[PDB]
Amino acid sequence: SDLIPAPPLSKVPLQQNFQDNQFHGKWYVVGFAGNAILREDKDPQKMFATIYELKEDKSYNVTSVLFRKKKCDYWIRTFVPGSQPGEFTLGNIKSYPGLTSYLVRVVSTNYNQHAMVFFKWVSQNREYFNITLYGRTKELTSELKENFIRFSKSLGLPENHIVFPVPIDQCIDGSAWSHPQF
């Protein structure tokens, strides 16, 4: 029926002089907010990870990995550099039926600890957006998480559209294995 409209792009900061080489590698999804995302604590959202592999042509192979129904689930896609550094579009949008636009904007990052990334897309002439708080570890400070909430709210999202996924090991942590807790 209804979706919160996407915010104007002037309300979404862009990371100055984005460094594509330094953004590469594995990020954990510590916070996740969107107009089509609903926090649901009774069957809680598990953490997933996203690996940004920088190709020689400066696009990223982006692999999200999630533990879902006793298997690893993936969303592999390509981010092709967009209109400004730190912006991207989806590789072959034609392969996604009904998708008329896809935008990625890196909002803020220090590269070695945290990042915030904004995503906006139009599918079946309906406008979606999400914001992701990434960490190089599965935990970030309360200050970063409160900043994320403040930012997400400034983009028009109520609190029930903001998720802090629960840390897990399966699929996302490639050297944790299975052991009794220390």
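So that there is no doubt, residue numbering starts at 1 and follows the sequence shown.
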If you take the mean CA temperature factor per stretch, which one wins between 166-174 and 18-26? 166-174
So which stretch wins on mean C-alpha B-factor, 29-37 or 50-58? 50-58
Top Cα B-factor in this entry, restricted to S142, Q113, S152, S64, sits on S142
If you rank every modelled residue in this chain by C-alpha B factor, which third holds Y74: lowest, middle or highest? lowest
Sorting the chain's modelled residues by C-alpha B-factor, tell me whether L103 ends up in the lowest, middle or highest third. middle
